[PDB]
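**Q** For reference, the structure I am asking about is given below.
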Amino acid sequence: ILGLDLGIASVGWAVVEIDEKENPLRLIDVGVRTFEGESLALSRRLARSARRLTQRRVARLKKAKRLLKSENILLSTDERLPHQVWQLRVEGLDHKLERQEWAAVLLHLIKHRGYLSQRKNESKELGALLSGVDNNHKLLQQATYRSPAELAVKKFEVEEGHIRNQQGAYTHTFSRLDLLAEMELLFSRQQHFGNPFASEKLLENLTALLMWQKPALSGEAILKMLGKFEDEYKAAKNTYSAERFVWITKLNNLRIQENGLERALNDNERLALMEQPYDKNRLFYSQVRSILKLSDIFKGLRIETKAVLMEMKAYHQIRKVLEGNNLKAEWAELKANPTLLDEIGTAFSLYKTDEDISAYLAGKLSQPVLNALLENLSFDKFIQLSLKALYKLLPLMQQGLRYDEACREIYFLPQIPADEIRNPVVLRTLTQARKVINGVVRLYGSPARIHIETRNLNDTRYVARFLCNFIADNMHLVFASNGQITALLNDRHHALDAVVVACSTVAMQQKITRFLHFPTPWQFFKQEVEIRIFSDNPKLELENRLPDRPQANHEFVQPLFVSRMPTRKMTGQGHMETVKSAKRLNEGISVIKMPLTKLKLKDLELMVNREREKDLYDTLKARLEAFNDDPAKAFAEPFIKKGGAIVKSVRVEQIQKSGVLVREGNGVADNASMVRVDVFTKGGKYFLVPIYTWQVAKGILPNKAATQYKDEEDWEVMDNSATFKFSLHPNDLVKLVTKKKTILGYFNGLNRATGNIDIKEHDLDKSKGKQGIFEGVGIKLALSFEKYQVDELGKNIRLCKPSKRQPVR
RNA sequence: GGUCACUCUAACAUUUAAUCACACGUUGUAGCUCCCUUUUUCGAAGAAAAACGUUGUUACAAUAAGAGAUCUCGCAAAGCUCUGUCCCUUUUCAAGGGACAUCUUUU
DNA sequence: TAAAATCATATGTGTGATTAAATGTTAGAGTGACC
DNA sequence: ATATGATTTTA
């Protein structure tokens, strides 16, 4: 049986074939495949949303500028609007603003929009942003703070010294309703004084700007995610059909445990309770204890009888909304309407946009009723039952049948279904395990059954369950153990578990659940398994340690090489997110504002104004020395320089020899990822050209290679007098022999400054190099440096020296 | 009589995927402003200036680098229909099987 | 000294919304394969 | 985990 030892980073395996199953003789080969503060896709999604919001504000302000130009407010050129936007917004309530003052006010009320609530219509502990909009909305009605700007310049700037939010404080923020109110009042008051551009057309368009935001879920969105039995769409939970399915499932499975006997409801009892929770908001247990003439003990539960069996919350929510607003007559007609009642929960759960909800109910509910439901009702669940299959399977379970009986009356390894596995870790592990399985099938045929025993334990168990079921139920051209079972009898440990997982049976697992007795399924364990996986020896040293029973080795037995996933993607993070100042980049330095709460004395020693402002440097050095070089404890209260100004962050210089120009070419950021490295030789010397992601994106092929003691401009240039060996990606199989020694392994890192490389041992033997990684390896005078190749399992070790310099982009 | 797997229901815990917004923060540029290097003019202390650094605060612009049709992609993943490069079976070619991607898809 | 191995230091963040999907456990109902 | 500058030891 394939002894797959699953995992989120590695898949160890150990092949075994047994006669009569039961007692096994000996395995064939072993292997480990090692592939690779949360999922990297979360970073991509957050960056994507940030890009979308940034460009949407770009567009919104541009559109506002065009609108203002059309009214002859914003003259074509001369777009240097006043800076004192908040003060001018305050002044507009009492004086007339000019053309450009008003233009700045409008273009600024479009930028800082506010906060528009997007909660459900399910009306009736505040955080920071919400507790700031309310605490200012409760101050805007003091009649002394007529508008958010007036409150800002009369309360915020007066006491706190700033208007905008700062340093993670979510006070000083306002709701979009308050700013729209300011828009309206400003327009009206400017009409009172005579602003020519107070056109209410402009106000309507500007409210459209300051209020429009895309709905989060628009149309098929939910449908696009609901897709994963059968095939019809899974019904909503708040649908009368699904609600009655839950009710009948409970009632039929509501066995009565009385007098030590389990008795189902006879048809009389259920007919009594069939449609009972419809005339009451909740069917309590004591309510059942009366209608059915209970002999004073249910089935489960926990005389505190006041529990809930089944409340059709959907049914009672639609009424208490429609029963109000004097819409009694429609509900009475709608009290049955089983299709109609079903179709309102199918819409309010599948579509949330008011337009999209009104579309699904194609006038089938009166628009006066539809308005009330749109304004007061929301449904957001979904059940695991096709509604089409509900109309046929629910009637049978009315009282006479059960789910199992009702359904019966209605009666190599393929690729992992990606759409059904929307989690990159699980999908990656499953696909690499599938590749390993297909490889071992090719190398051995179908060995036997399969044996699998494995902060993200959720992902691991998703992988295990899905792999077991997929393997067992899929074929083309069976055992789920656990760690406790494995423990009974470097990175190579997954092989040992593999063997132990392969030498396992369902009988021992059941005996474990019922729990010396465990035997040895081989002639000898210690020497056999010690050299089989660990201490790799191709017979020989095995044979010297295997004097007795010289029946060892197989037609293909060889030492184990841990194959590692090749990463050859050319996309990634172009540059680091800390943007700096490149105005002094020619000096070789960057200038970044450093918060005082992180200004360690090391950082203070690189301040730009060290000697320009000597008194500042002296006092800052003293206070850091007074708190043991802990800026957080040192500058925990605002620092003050000579002259009464407050110091909150100081420009600090940093050593910048290599970087990326960003922000319109104004700033510089550190290199983030090195996608590929191109090797070259000239005069018996190995020179490596590093390539970064931003170079690939811009369509740039680097020329010069790494020179240790020189800067990027003075780096050795690869030209007609250089020989191109190959490219190098992270975790690439390379062979290195030098005058010092010989090492063969994986390549994961290039040191730009020193020029050294980081080569990693296949097994990550923690007694080898810098705990498994042979870091800082010099190859300038290397005898030979060749890129190898490896298969999924750790064999077919091929090498050449072919070349074609592949152009990025 | 047990163990385990699967199907449905409810409750709890956790995790993942997609979408809509907000508020900071960084950089650049102006206005005001805290300091403080240098150099002018009036001068026998001090004032008015100019360049550079730079503290705070307001406004405006960029917020990946970049690719496309006001508007869409761009840090993730899978794969072999199209494209490109390595590897094997039967100097080049042709078939078979596979590996990775700068190719396609999610989009 | 050139090249090489060692060490050492730094990485953008919090708030507020609509949803779907998966795993594990417990409670209830059941079928099916193996001890 | 990755990029890489500062510093020590080695050929």
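Following the order of the structure tokens, first chain is A, next is B, and so on, with residues numbered from 1 inside each chain and ligands from 1 in the order they appear.
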Using only C-alpha atoms (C1' of nucleotides), tabulate the residues of range 63-100 of chain B lying at most 12 Å from any atom of range 437-450 of chain A, each with its closest atom pair and that distance in Å to one decimal, by chain and increasing residue number, as JSON lines.
**A**
```
{"residue": "B:97", "atom": "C1'", "partner": "A:442", "partner_atom": "CA", "distance": 10.5}
{"residue": "B:98", "atom": "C1'", "partner": "A:439", "partner_atom": "CA", "distance": 9.6}
{"residue": "B:99", "atom": "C1'", "partner": "A:439", "partner_atom": "CA", "distance": 11.9}
```
**Q** Those selected residues, please, written with N, CA, C and O atoms (P, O5', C5', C4', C3', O3' and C1' of nucleotides) and delivered as a PDB file, in the first residue's frame.
**A**
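In the end it all went to part.pdb:
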```
ATOM      1  P     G B  97       0.979  10.836 -25.470  1.00  0.00           P
ATOM      2  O5'   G B  97       1.517  10.781 -23.971  1.00  0.00           O
ATOM      3  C5'   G B  97       1.433   9.587 -23.207  1.00  0.00           C
ATOM      4  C4'   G B  97       2.710   9.332 -22.446  1.00  0.00           C
ATOM      5  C3'   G B  97       3.103  10.394 -21.431  1.00  0.00           C
ATOM      6  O3'   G B  97       2.443  10.229 -20.188  1.00  0.00           O
ATOM      7  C1'   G B  97       4.975   9.851 -22.772  1.00  0.00           C
ATOM      8  P     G B  98       1.185  11.152 -19.801  1.00  0.00           P
ATOM      9  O5'   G B  98       1.705  12.009 -18.563  1.00  0.00           O
ATOM     10  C5'   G B  98       2.481  13.181 -18.760  1.00  0.00           C
ATOM     11  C4'   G B  98       3.890  13.007 -18.249  1.00  0.00           C
ATOM     12  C3'   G B  98       4.527  14.242 -17.631  1.00  0.00           C
ATOM     13  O3'   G B  98       4.146  14.446 -16.283  1.00  0.00           O
ATOM     14  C1'   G B  98       6.028  13.288 -19.177  1.00  0.00           C
ATOM     15  P     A B  99       3.794  15.923 -15.759  1.00  0.00           P
ATOM     16  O5'   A B  99       5.199  16.675 -15.746  1.00  0.00           O
ATOM     17  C5'   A B  99       6.293  16.166 -14.997  1.00  0.00           C
ATOM     18  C4'   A B  99       7.446  17.137 -14.973  1.00  0.00           C
ATOM     19  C3'   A B  99       7.126  18.526 -14.443  1.00  0.00           C
ATOM     20  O3'   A B  99       7.177  18.576 -13.027  1.00  0.00           O
ATOM     21  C1'   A B  99       8.366  18.698 -16.461  1.00  0.00           C
TER      22        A B  99
END
```
**Q** Can you work out which residues from chain D touch chain A at a cut-off of 9 Å (counting only C-alpha atoms (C1' of nucleotides)) and hand them back as a ChimeraX atom specification?
**A** /D:2-5
**Q** Could you dump the residues just selected with N, CA and C atoms (P, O5', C5', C4', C3', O3' and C1' of nucleotides) as a PDB file, in the first residue's frame?
**A**
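The resulting file, result_18.pdb, is reproduced below:
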```pdb
ATOM      1  P    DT D   2      12.928  31.945   0.685  1.00  0.00           P
ATOM      2  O5'  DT D   2      13.294  33.498   0.649  1.00  0.00           O
ATOM      3  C5'  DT D   2      12.301  34.447   0.293  1.00  0.00           C
ATOM      4  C4'  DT D   2      12.898  35.835   0.169  1.00  0.00           C
ATOM      5  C3'  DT D   2      14.263  35.897  -0.519  1.00  0.00           C
ATOM      6  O3'  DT D   2      14.308  37.023  -1.373  1.00  0.00           O
ATOM      7  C1'  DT D   2      14.401  36.906   1.594  1.00  0.00           C
ATOM      8  P    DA D   3      15.434  37.140  -2.511  1.00  0.00           P
ATOM      9  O5'  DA D   3      16.062  38.591  -2.271  1.00  0.00           O
ATOM     10  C5'  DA D   3      15.205  39.722  -2.178  1.00  0.00           C
ATOM     11  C4'  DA D   3      15.928  40.917  -1.577  1.00  0.00           C
ATOM     12  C3'  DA D   3      17.341  41.155  -2.097  1.00  0.00           C
ATOM     13  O3'  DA D   3      17.553  42.546  -2.239  1.00  0.00           O
ATOM     14  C1'  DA D   3      17.404  40.882   0.247  1.00  0.00           C
ATOM     15  P    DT D   4      18.878  43.095  -2.954  1.00  0.00           P
ATOM     16  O5'  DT D   4      19.922  43.236  -1.752  1.00  0.00           O
ATOM     17  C5'  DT D   4      19.616  44.081  -0.652  1.00  0.00           C
ATOM     18  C4'  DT D   4      20.788  44.171   0.305  1.00  0.00           C
ATOM     19  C3'  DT D   4      22.172  43.993  -0.338  1.00  0.00           C
ATOM     20  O3'  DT D   4      23.082  44.923   0.229  1.00  0.00           O
ATOM     21  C1'  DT D   4      21.954  42.553   1.462  1.00  0.00           C
ATOM     22  P    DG D   5      23.430  46.298  -0.523  1.00  0.00           P
ATOM     23  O5'  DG D   5      24.292  47.102   0.558  1.00  0.00           O
ATOM     24  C5'  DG D   5      23.633  47.813   1.595  1.00  0.00           C
ATOM     25  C4'  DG D   5      24.252  47.516   2.952  1.00  0.00           C
ATOM     26  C3'  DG D   5      25.763  47.746   3.060  1.00  0.00           C
ATOM     27  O3'  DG D   5      26.032  48.492   4.241  1.00  0.00           O
ATOM     28  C1'  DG D   5      25.214  45.599   3.858  1.00  0.00           C
TER      29       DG D   5
END
```
**Q** What are the DSSP strand (DSSP E or B) residues of range 4-43 of chain A, as a ChimeraX atom specification?
**A** /A:5,10-14,30-34
**Q** Please give the complete set of residues from range 596-727 of chain A that DSSP, run on the backbone, assigns to helix (DSSP H, G or I), formatted as a VMD selection string.
**A** chain A and resid 596 to 598 601 to 604 614 to 625 631 to 634 693 to 698
**Q** Can you tell me, as a PyMOL selection string, what residues are no more than 10 Å from range 14-25 of chain C when counting only C-alpha atoms (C1' of nucleotides), ignoring any on the same chain fewer than 5 positions away?
**A** (chain A and resi 115-120+127-130+168-170+215-218+221-228+349-350+352-353+380-382+419-423+457-463+465) or (chain B and resi 12-24)
**Q** With distances taken over only C-alpha atoms (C1' of nucleotides), which of B:11, B:49, B:42, B:87 is nearest to chain A?
**A**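 Distance minimum relative to chain A lands on B:87.
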**Q** For residue 7 in chain D, list every protein, DNA or RNA residue within 12 Å, evaluated using only C-alpha atoms (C1' of nucleotides), and leave out those in the same chain fewer than 3 positions away; present the list as JSON, numbers by chain.
**A** {"A": [754], "C": [5, 6, 7, 8]}
**Q** Range 383-399 of chain A: which residues within 6 Å, counting only C-alpha atoms (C1' of nucleotides), same-chain residues fewer than 3 positions away excluded, as a list in words?
**A**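 What passes the distance filter is residues 232, 233, 234, 235, 236, 237, 245 and 402 of chain A.
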**Q** Write the residues you've just listed into a file as a PDB file, in the first residue's frame, and include N, CA, C and O atoms for each of them.
**A**
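Contents of selection-v7.pdb, freshly written:
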```
ATOM      1  N   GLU A 232     -29.282  20.936  -9.347  1.00  0.00           N
ATOM      2  CA  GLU A 232     -30.052  22.160  -9.183  1.00  0.00           C
ATOM      3  C   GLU A 232     -29.480  22.999  -8.043  1.00  0.00           C
ATOM      4  O   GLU A 232     -28.837  22.484  -7.124  1.00  0.00           O
ATOM      5  N   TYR A 233     -29.706  24.310  -8.127  1.00  0.00           N
ATOM      6  CA  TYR A 233     -29.164  25.240  -7.145  1.00  0.00           C
ATOM      7  C   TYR A 233     -29.619  24.860  -5.739  1.00  0.00           C
ATOM      8  O   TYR A 233     -30.776  24.493  -5.518  1.00  0.00           O
ATOM      9  N   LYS A 234     -28.687  24.917  -4.791  1.00  0.00           N
ATOM     10  CA  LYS A 234     -29.011  24.607  -3.405  1.00  0.00           C
ATOM     11  C   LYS A 234     -29.981  25.646  -2.855  1.00  0.00           C
ATOM     12  O   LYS A 234     -29.751  26.850  -2.982  1.00  0.00           O
ATOM     13  N   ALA A 235     -31.061  25.181  -2.233  1.00  0.00           N
ATOM     14  CA  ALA A 235     -32.125  26.080  -1.811  1.00  0.00           C
ATOM     15  C   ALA A 235     -31.680  26.950  -0.638  1.00  0.00           C
ATOM     16  O   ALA A 235     -30.760  26.615   0.112  1.00  0.00           O
ATOM     17  N   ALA A 236     -32.349  28.090  -0.493  1.00  0.00           N
ATOM     18  CA  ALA A 236     -32.095  28.970   0.635  1.00  0.00           C
ATOM     19  C   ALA A 236     -32.679  28.378   1.915  1.00  0.00           C
ATOM     20  O   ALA A 236     -33.618  27.580   1.890  1.00  0.00           O
ATOM     21  N   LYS A 237     -32.102  28.778   3.050  1.00  0.00           N
ATOM     22  CA  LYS A 237     -32.595  28.291   4.334  1.00  0.00           C
ATOM     23  C   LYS A 237     -33.920  28.944   4.715  1.00  0.00           C
ATOM     24  O   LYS A 237     -34.806  28.281   5.265  1.00  0.00           O
ATOM     25  N   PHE A 245     -38.754  21.351   5.254  1.00  0.00           N
ATOM     26  CA  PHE A 245     -37.862  20.195   5.245  1.00  0.00           C
ATOM     27  C   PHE A 245     -37.178  20.034   6.593  1.00  0.00           C
ATOM     28  O   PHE A 245     -37.100  18.927   7.132  1.00  0.00           O
ATOM     29  N   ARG A 402     -38.701   8.574   5.998  1.00  0.00           N
ATOM     30  CA  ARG A 402     -37.479   9.215   6.457  1.00  0.00           C
ATOM     31  C   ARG A 402     -36.627   9.599   5.253  1.00  0.00           C
ATOM     32  O   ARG A 402     -36.896   9.195   4.120  1.00  0.00           O
TER      33      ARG A 402
END
```
**Q** Would you mind telling me which residue in A:249, A:135, A:54, A:784 lies nearest to chain C when using only C-alpha atoms (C1' of nucleotides)?
**A**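 Of all the options, A:249 lies closest to chain C.
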**Q** Please determine, counting only C-alpha atoms (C1' of nucleotides), which residue among A:56, A:612, A:313, A:511 has the shortest atom-to-atom distance to chain C.
**A**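 Checking each of A:56, A:612, A:313, A:511 against chain C, counting only C-alpha atoms (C1' of nucleotides), the winner is A:511.
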